[PDB]
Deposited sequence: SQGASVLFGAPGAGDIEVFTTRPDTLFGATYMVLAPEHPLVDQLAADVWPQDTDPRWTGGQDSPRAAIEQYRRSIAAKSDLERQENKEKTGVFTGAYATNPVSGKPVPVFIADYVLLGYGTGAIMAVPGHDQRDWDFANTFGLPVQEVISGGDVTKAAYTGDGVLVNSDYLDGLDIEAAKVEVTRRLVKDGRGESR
């Protein structure tokens, strides 16, 4: 079933996410917090990082500016995917890779922890946001074509280290076991 997963981020402690597909953790290429999530102000960087995409900034000169205008954007005129980058990168808890942290109103503050891991290869909501904003799309479930659409079907784990070859249900169990031993999550 589901899991609580911890993504460490510099200066912000852990960002906890709820996922029903922990098996897809090696395909989590970014993270999304609800715009009013309390850690966002802590996460905002002082300077857009080098590899910030201009589509990520709301056209603003700094992370805090983009965040403020995006929040303001949610009040005015309060569909398509919108959001901004915070400047922050969290540590993926199974691969160690950097995952950029966004805010976007498709993530509800009041559901779960108010934060998700985003797996565009296998969640069409995340696929849509990644295709609008230009985020990497990683296949970890064999069976479709993640360059055309999220693959939500059954298949075997790939590009996922000790999960490779596992069926999805077995992969959920194994990744959760590893998260528990590593202090990085639990079943929920």
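- Stretches of the deposited sequence lacking C-alpha coordinates, numbered from 1: 1, 80 to 86.
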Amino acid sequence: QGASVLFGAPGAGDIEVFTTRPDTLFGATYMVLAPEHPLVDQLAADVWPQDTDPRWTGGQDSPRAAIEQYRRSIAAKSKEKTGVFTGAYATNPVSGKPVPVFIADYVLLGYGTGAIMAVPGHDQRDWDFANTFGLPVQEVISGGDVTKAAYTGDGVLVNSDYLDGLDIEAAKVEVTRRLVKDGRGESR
From here on, numbers count along this sequence of modelled residues.
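- Annotation for 6 to 14 versus 21 to 29: the higher mean temperature factor (C-alpha) is found in 6 to 14.
- For the segment pair 153 to 161 and 119 to 127, the entry gives 153 to 161 the higher mean B-factor, averaged over Cα atoms.
- When the C-alpha B-factors of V107, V101, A75, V94 are read from the PDB record, the largest value belongs to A75.
- Remark: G87 belongs to the middle third of its chain, ranked by C-alpha B-factor as recorded.
- The deposited CA B-factor of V140 belongs to the lowest third of values across its chain.
- Placement of the Cα temperature factor of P54 within the chain: lowest third of the modelled residues, per the deposited record.
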